[PDB]
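Asks: Whatever this is, show me its structure:
(one chain, ligands or ions: 2)
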Amino acid sequence: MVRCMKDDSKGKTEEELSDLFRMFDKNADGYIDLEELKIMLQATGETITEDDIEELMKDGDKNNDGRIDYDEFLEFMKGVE
Ligand SMILES: [Ca+2]
Ligand SMILES: [Ca+2]
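Replies: Numbers count the residues shown, from 1 in each chain. Ligands and ions are numbered 1, 2, ... in the order given. Below is the structure in question.
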């Protein structure tokens, strides 16, 4: 039958991935760049270099536009290896 609260629909769809994108973003505009990503990366303990970040954007970018967005993230996260 039909429920009220409906706590069965617990499927990890793209709806949940949309949040992961905002985490990486700095100002939450919808796109990510080496400069922006370099900021969030600074929080990490290890000392990453500007060159090391280029690798993250290289494989992270699928539209060869230079930045990463929801469409790119959903594609990058949906099977990185
Ligand atoms: Ca952004
Ligand atoms: Ca792209």
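
Asks: Give me the phi and psi for residue 4.
Replies: Note on residue 4: backbone dihedrals following degrees, to the nearest 10 are phi -90, psi -70.

Asks: Skipping its backbone neighbours, what lies nearest the residue positioned nearest the centre of the chain in space?
Replies: The chain has residue 21 as the residue nearest its centroid, 3.6 Å off, counting by CA atoms, centre = their mean. Spatial nearest neighbour of residue 21, chain neighbours left out: residue 73 (4.8 Å); criterion: CB to CB, 6 or more residues apart in numbering. (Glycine included, C-beta is placed from N, CA and C.)

Asks: quick one: the one helix or strand that neighbour maps to near ligand 1?
Replies: Applying DSSP states H and E as the criterion places residue 73 in helix 70-77. No. Applying CB under 5 Å from the ion, one finds helix 70-77 separated from ligand 1 by no less than 10.9 Å.

Asks: what residues does the chain put near ligand 2?
Replies: Counting by CB under 5 Å from the ion, the residues of the chain close to ligand 2 are 61, 63, 65, 72.

Asks: so how far is the first residue of stretch 3-12 from its last?
Replies: Distance across stretch 3-12, first residue to last, is 20 Å (CA to CA, to the nearest Å).

Asks: Wasn't residue 16 part of a strand?
Replies: No. Counting by DSSP: H, G, I helix; E, B strand; the rest coil, residue 16 is located in no strand; its state is helix.

Asks: The helix or strand harbouring residue 58 close to ligand 1?
Replies: Assigned by DSSP H and E, residue 58 belongs to helix 50-60. No. Helix 50-60 does not reach ligand 1 (CB under 5 Å from the ion); its nearest approach is 12.6 Å.

Asks: Pull the contacting residues for the residue nearest to residue 21.
Replies: 17, 20, 21, 24, 32, 60 (CB atoms under 8 Å, 6 or more residues apart in numbering).

Asks: Repeat that for residue 30.
Replies: With contacts defined as CB under 8 Å, 6+ apart, residue 30 is in contact with 69, 70.
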